[PDB]
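Here is how the chains run, residue by residue.
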Amino acid sequence: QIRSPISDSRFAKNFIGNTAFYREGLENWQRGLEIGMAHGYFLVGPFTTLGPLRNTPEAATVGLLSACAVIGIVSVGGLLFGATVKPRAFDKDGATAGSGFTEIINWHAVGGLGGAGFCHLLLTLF
Amino acid sequence: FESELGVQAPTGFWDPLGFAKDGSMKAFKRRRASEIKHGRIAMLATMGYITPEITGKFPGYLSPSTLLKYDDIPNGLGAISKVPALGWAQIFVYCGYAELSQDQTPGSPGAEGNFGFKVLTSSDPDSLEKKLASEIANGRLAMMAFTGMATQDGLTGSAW
Amino acid sequence: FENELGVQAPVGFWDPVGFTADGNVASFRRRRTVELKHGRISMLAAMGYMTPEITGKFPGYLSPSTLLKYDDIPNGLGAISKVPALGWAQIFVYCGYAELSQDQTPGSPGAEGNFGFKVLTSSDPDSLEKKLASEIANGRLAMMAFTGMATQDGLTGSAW
Amino acid sequence: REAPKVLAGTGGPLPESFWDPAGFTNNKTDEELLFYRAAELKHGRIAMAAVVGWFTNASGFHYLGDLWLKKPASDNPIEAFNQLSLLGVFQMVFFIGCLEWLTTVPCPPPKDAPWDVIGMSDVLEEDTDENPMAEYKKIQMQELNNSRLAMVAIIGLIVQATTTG
Amino acid sequence: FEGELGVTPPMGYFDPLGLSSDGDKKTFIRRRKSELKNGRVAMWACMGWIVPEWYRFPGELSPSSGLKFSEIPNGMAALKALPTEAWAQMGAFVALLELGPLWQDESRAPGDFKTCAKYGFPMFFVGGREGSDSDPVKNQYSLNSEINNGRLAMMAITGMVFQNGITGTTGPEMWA
Ligand code: CLA
Ligand SMILES: CC(=O)O[C@H]1CC(C)(C)C(=C=C/C(C)=C/C=C/C=C/C=C(C)/C=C2C=C(/C=C/[C@@]34O[C@]3(C)C[C@@H](O)CC4(C)C)C(=O)O/2)[C@](C)(O)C1
Ligand code: KC1
Ligand code: KC1
Ligand SMILES: CC1=C(/C=C/C(C)=C/C=C/C(C)=C/C=C/C=C(C)/C=C/C=C(C)/C=C/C2=C(C)CCCC2(C)C)C(C)(C)CCC1
């Protein structure tokens, strides 16, 4: 609970607090979708270039496939975490332990696929 | 606001794009000030176009050092580059002093278009509204006429 | 506005058209300001038109990069061109500092004329008012004199 | 005329040197004067950064653009900026827009101190007399004075260039 | 949600699948903002598909590349014909619009942006000098006109995208 400007200034409180993982008014699926879109759009990057098939016409497609694979693997890991730990930090009233976190991870997988596809689209075009 | 000087008769409260809904007052007050000032400038400029056309260009030399007989400066667009940059600076300074005179800050007597000309101060014969509304209506008409005049001056190529 | 500066022996009510409202305290304070300022500037200008011809122009360069020995610059008017724009810009920045250092907004002690240049720093004696009156009288004389000299070298070559 | 007490001795040749010679402070509510200070500090911080960027571009430290242009970029910061592709310029515009969005929509600045975009006023206490090393007002004045100086310095650099070469 | 702006006599309160069957006013407000923004974007896109076939702009896109407005193929071929700098600049402009003047304030009405006048007039872009604020009761006819015109233009832009995908062209064949 120590106070530091990096972790207790108003910018930090309203920045981490307004992220998808913490933003008020967001359903679990919205948080998952937003985090997934961010992760998927990021992950296409380091694969299309800096990869085995760099200097090939299908570099963007291979990067997209690898980014989707990484999103799927981390989503399986998140499902594993929700099945084992059941974080319970996002569950609504009643429901079951870890339902909110599992929904977040599933929609993170969906958003990761979406963001990876969007990055691949923006690479093939323009 | 639905009863100010602007509403003449041919059109009532003419706010087609709804700038008045939930009248912000201060917004409307400063927009009325802008309307008054723009109309006055438009009237002056419409003079500055239609009078040099009929009345000949000033008998004089404008710049005593750079041979501007007012005849090499054409009436219309393009005179921006013909009048000296120093002359433009000086007319700019005149306007700047005229405004940086009596304040037109929000709420001040300068903020409603009142500045202190009083050329036509009719002795309150139910005619203060006459002169105010006439100035506003002629301001709107002169701004529209100015826009049309500048479009004719540029589109056609010169003057009219 | 009776016992300030202007009252002296030959005249002291000299105002054929001024004192428009006979009041406007702020207007008269601003007018005494411009009086003291224009007076000082006119005195410096008259000296700068008076020191060159007798006790001849300084020996030196004034611009060793551009070799503009103080003497070869024309005495009157024409000096506005040959002195480099670098030096003119430095003159202008000195003037801007001298005016904007102390606040010129009306009401301040610097508004009425006291710029804090108390060389003799008269410790509010009876000498204060007589020094003020001599300053303002020589200021009016210097304004007239420098307008005359500027006209003279505008119509006949150098300052004479 | 004294300071409007919402600025309250925060600038001038000296700290208590309310300097406005244009009547840009009178008959103005506290929110507007706070806006003026926030605009001054933002313009400053931007300038103070821009002066350092100019002097590190005009000193040959112009990588990341040495590589983008694939050849040594111009030392003149204006020409160096012109050498940048429109993609890079609009990336800079987009990043500054995202930063401005951050400090308005998700992380609004404190109401009484709009210049505190980082929200530093929620972790700092104040300058107090019990503190032998109290310098928060002093560093605020350092920031303000360097801001006001760099605001004219960067304009001197920009207008001096593109008109003299 | 019958009684909200958008309900129009030709269909009435539609909701066949019952997406907004429950109350959850937050979800309805979100979907109303989405509907209004998609409708506005689709009306913009339908104009951007109609007008270029009549008024190819006078000048040139890139003066240093000679690309004139009269040669970029209309429809879904400018995606791979217009230079990527132009597309990136358009995307950045839309980003600045939505992050700046056109960021929805949750207290205001769903489609209400303070910076815009009634018929969509950008009363910002003029010193940034604010605009209207939503009054549903007086402009209700214009409100529903905008909403269902946006619906029609969304269906229209989808149809025209598929027309370009099928016929390959955007001349007379696409429009039939
Ligand atoms: C910039 C000039 C200007 C300004 C500030 C105003 C301001 C005002 N007018 Mg007004 N008016 C103007 C010009 C202007 N008018 C002109 C030229 C006409 C003639 C067509 C009128 C006719 C008119 C009527 C008939 C009425 C008003 C009324 C009003 C008041 C309420 C409406 C409102 O909020 O408008 C806010 C101000 C604006 C919306 C101005 C924005 C103009 C946009 C930006 C441009 C419009 C298109 C333009 C021609 C494009 C030219 C090209 C350009 C991009 C280069 C307000 C004080 C009403 C009133 O007085 O009620 C009491 C009223 O009944 N006006
Ligand atoms: C800067 C400035 O001054 O601007 C200001 C000016 C304004 C006016 C205030 C303003 C605004 C907004 C306004 C009111 C504009 C209105 C928009 C409405 C658009 C409606 C549209 C598109 C609807 C359609 C549907 C279409 C589809 C039809 C077809 O194609 C289809 C599917 C298939 C073809 O086979 C056959 C077809 C039948 C052909 C079509 O084609 O039309 C603005 C810009 O916001 C500000
Ligand atoms: C009483 C104070 C006064 C003086 C003493 C003065 C003197 C000169 N004016 Mg002048 N002037 C005003 C006041 C004064 N002007 C006012 C109130 C206005 C209305 C806005 C105005 C308008 C213009 C315009 C439009 C031009 C102009 C010029 C010159 C000029 C030529 C110098 C040169 O050519 O060497 C000289 C000496 C021309 C120009 O060149 O500006 C430098 C030119 O175009 N002035
Ligand atoms: C083409 C026609 C035209 C229109 C349609 C128009 C409209 C508006 N002008 Mg305007 N204008 C000109 C032409 C037009 N202006 C010209 C030729 C000049 C040079 C003489 C000029 C000068 C200024 C200045 C100095 C200001 C100004 C403003 C506004 C304003 C905001 C009011 C409001 O929205 O509250 C609106 C709507 C003020 C503003 O807020 O600017 C940030 C302001 O200070 N204008
Ligand atoms: C640089 C910088 C920074 C930042 C960084 C970062 C963090 C970045 C990131 C970035 C990013 C990371 C971005 C992202 C983006 C994303 C996107 C743009 C996405 C999109 C997506 C989409 C759009 C999708 C869609 C979809 C879905 C939803 C599903 C289905 C399918 C589809 C496709 C339809 C900082 C401040 C630190 C500082 C320094 C500078």
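Residues numbered from 1 in each chain as written, not as in the entry; some residues may be left out. Chains lettered and ligands numbered in written order. Part of a larger assembly, values for the part shown. Heavy atoms only, no water.

- Judging from the entry metadata, cryo-EM is the method by which this structure was determined, and 2.90 Å is the reported resolution.

### Topic: the overall build of chain E
- A tally of regular secondary structure across chain E gives four helices and two strands.
- Going from N to C terminus, chain E has its helices and strands arranged as α-β-β-α-α-α.
- Along the three orthogonal principal directions, the C-alpha set of chain E runs to about 55 × 45 × 25 Å.
- Going through the 176 residues of chain E one by one, you find that 27% of them count as buried.
- By sequence separation, contacts in chain E at least 24 residues apart represent 47% of the contacts at least 6 residues apart. (Helix = DSSP H or I, 4+ residues; strand = E, 2+ residues; numbered from the N terminus. Buried < 20%, exposed > 50% of the residue type's maximum accessible area, 1.4 Å probe, protein only. Contact = heavy atoms within 4.5 Å.)

### Comments concerning the overall build of chain B
- A tally of helices and strands in chain B yields three helices and zero strands.
- Mapped from its N terminus to its C terminus, chain B presents α and β elements in the order α-α-α.
- C-alpha atoms of chain B, sized along the principal axes, occupy 55 × 35 × 30 Å.
- Taken over 160 residues, chain B has a buried fraction of 22%.

### Things to note about the packing of aromatic side chains
Residues and elements named next belong to chain A.
- A complete count under the given rule lists 24 aromatic pairs over all chains for this structure.
- On the basis of an interplanar angle of 55 degrees and a centroid distance of 5.9 Å, the ring pair of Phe81 and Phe101 is categorised as tilted. In this pair, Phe81 is assigned in helix 5 (residues 59-84) and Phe101 in helix 6 (residues 99-124), connecting sequence segments 20 residues apart.
- Assessed through its relative accessible area of 42%, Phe81 is described here as partly exposed.
- Accessibility expressed as a relative area gives 12% for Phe101, which makes it buried.
- Each residue in the set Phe21, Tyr22 and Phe90 is aromatic and connected to the rest through ring pairs, giving one cluster. (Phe/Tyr/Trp six-rings, centres within 6.5 Å; stacked < 30°, edge-to-face > 60°.)

### Some words on the site of ligand 5
- Residues in close proximity to ligand 5 include A:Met37, A:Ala38, A:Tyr41, A:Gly114, A:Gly115, A:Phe118 and D:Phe95, which together make up its full environment.
- The residues that come close to ligand 5 belong to more than one chain, namely chains A and D.
- Secondary structure elements with two or more residues in the shell around ligand 5: helix 3 (28-43) and helix 6 of chain A.
- For the shell around ligand 5, a count of residues per class yields five nonpolar, two polar and no charged. (Near = heavy atom within 4 Å. Nonpolar A, V, L, I, M, F, W, Y, C, P; charged D, E, K, R; others polar.)

### Considering helix 3 (residues 86-102) of chain D
- The first and last C-alpha atoms of helix 3 of chain D sit 24 Å apart over 17 residues, in line with the 24 Å expected at 1.5 Å per residue.
- Every buried residue of helix 3 of chain D is listed here: D:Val89, D:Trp101 and D:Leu102.
- Summarising the contacts, the buried residues of helix 3 of chain D are in contact with helix 2 (10-16) of chain A, helix 2 (77-83) of chain D together with helix 2 (84-99) of chain E. (Expected span 1.5 Å × (residues − 1).)

### Focus on the interface of chain D and chain A
- Contacts between the two partners involve twelve residues from chain D, matched on the other side by eleven residues from chain A.
- Counting each side, the surface lost to burial between chain D and chain A is near 970 Å², with a carbon and sulfur contribution of 64%.
- Looking at the side of chain D facing chain A, the largest losses of area belong to D:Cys107, D:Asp122 and D:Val123, adding up to 47% of the total buried there.
- Inspection of the chain D/chain A interface yields two salt bridges.
- A salt bridge links D:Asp122 to A:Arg10, with the nearest nitrogen and oxygen atoms 2.9 Å apart. (Buried area = accessible area lost by both parts, 1.4 Å probe. Salt bridge = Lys/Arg side-chain N within 4 Å of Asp/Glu carboxyl O.)

### A few points about the site of ligand 4
- Around ligand 4 lies a shell formed by B:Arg30, B:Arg31, B:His38, E:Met123, E:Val126, E:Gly127 and E:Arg129.
- Near ligand 4, residues from chains B and E are present, making the site a shared one.
- B:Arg31 has a polar side-chain atom sitting 3.0 Å from an oxygen atom of ligand 4.
- Broken down by class, the residue content of the shell around ligand 4 amounts to two nonpolar, two polar and three charged. (Polar contact = N/O pair within 3.5 Å; in protein donor to acceptor, adjacent residues only side chain to side chain.)

### Some words on the packing of helix 1 (residues 25-48) of chain C against helix 4 (residues 127-155) of chain C
Residue and element names in this part refer to chain C.
- Between helix 1 and helix 4, whose axes approach to 7 Å, the crossing angle comes to 55 degrees. With respect to their mutual orientation, helix 1 and helix 4 come out oblique. Considering only the axes of helix 1 and helix 4, their crossing is left-handed. Here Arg32, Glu35, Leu36, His38, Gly39, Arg40, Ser42, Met43, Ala45 and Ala46 of helix 1 come into contact with helix 4, specifically with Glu135, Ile136, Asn138, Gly139, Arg140, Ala142, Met143, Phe146 and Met149.
- Of the residues belonging to the contact of helix 1 with helix 4, the class tally is nine nonpolar, five polar and five charged. (Axes fitted to C-alpha atoms, helices over the stretch in contact; angles between N-to-C directions. Parallel < 35°, antiparallel > 145°, perpendicular 65-115°, else oblique. Left-handed = near helix turned anticlockwise from the far one by under 90°.)

### Looking at helix 2 of chain E
- Compared with the 22 Å implied by 1.5 Å per residue over 16 residues, the 22 Å span of helix 2 of chain E between its first and last C-alpha is a close match.
- Along helix 2 of chain E, the residues classified as buried are E:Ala86, E:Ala92, E:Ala95 and E:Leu97.
- On its buried face, helix 2 of chain E is in contact with helix 3 of chain D.

### Observations regarding the arrangement of the chains
- The assembly contains six pairs of chains in contact; the pair sharing the most contacts is chains A and D.
- Contact between chain C and chain E is absent, and the minimum C-alpha spacing across the pair is 30 Å.

### Section: unusual backbone geometry
Residues and elements named next belong to chain D.
- The residue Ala8 is not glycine, and still its phi comes out positive at about 60 degrees.
- Mapped onto the elements, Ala8 comes out in the segment before helix 1 (30-57).
- Although it is not a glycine, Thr162 adopts a positive phi angle of roughly 60 degrees.
- On the secondary structure map, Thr162 appears in the segment after helix 4 (136-160).

### With respect to the pattern of salt bridges
- Enumeration according to the criterion identifies 26 salt bridges over all chains in this entry.
- Residues participating in the shared-partner salt-bridge network are A:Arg10, A:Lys13 and D:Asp122.

### Side note on the packing of helix 1 (residues 25-50) of chain E against helix 3 (residues 140-167) of chain E
Residues and elements named next belong to chain E.
- Where helix 1 contacts helix 3, the axes come no closer than 7 Å and their chain directions differ by 55 degrees. Here helix 3 runs oblique to helix 1, going by the angle between their axes. Here helix 1 and helix 3 pass one another in a crossing that is left-handed. When helix 1 is examined against helix 3, the residues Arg32, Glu35, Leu36, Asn38, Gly39, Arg40, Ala42, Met43, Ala45, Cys46 and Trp49 are found in contact with a partner set consisting of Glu146, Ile147, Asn149, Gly150, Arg151, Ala153, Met154, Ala156, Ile157, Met160, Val161 and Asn164.
- Residue classes in the contact of helix 1 with helix 3 are distributed as 13 nonpolar, five polar and five charged.

### A short note on the side chain of C:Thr105
- Here C:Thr105 shows up in the loop between helix 3 (85-100) and helix 4.
- Those residues within four positions of C:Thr105 in sequence are excluded, and the remaining contacts are C:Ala111, D:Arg1, D:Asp20 and D:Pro21.

### Side note on a nonpolar patch on the surface
Residue and element names in this part refer to chain E.
- A surface patch of nonpolar side chains, amounting to about 1,000 Å² of accessible area, comprises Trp44, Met47, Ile50, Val51, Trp54, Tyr55, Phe57 and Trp175.
- Here the nonpolar patch takes three residues from helix 1, the largest share from any one element.
- Along the chain, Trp175 falls in helix 4 (residues 172-175). (Patch = residues over 30% accessible without salt bridge, like charges linked within 9 Å, V, L, I, M, F, W, Y side chains within 5 Å. Areas by Shrake-Rupley, 256 points an atom, 1.4 Å probe, with all protein chains shown as cover.)

### Side note on the environment of B:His38
Residues and elements named next belong to chain B.
- Looking at the secondary structure, you find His38 in helix 1 (residues 26-54).
- For the pair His38 and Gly148, spaced 110 residues apart in sequence, the C-alpha separation works out to 15 Å.
- A polar contact is formed between the side chain of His38 and the backbone oxygen of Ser34, at a distance of 2.5 Å.

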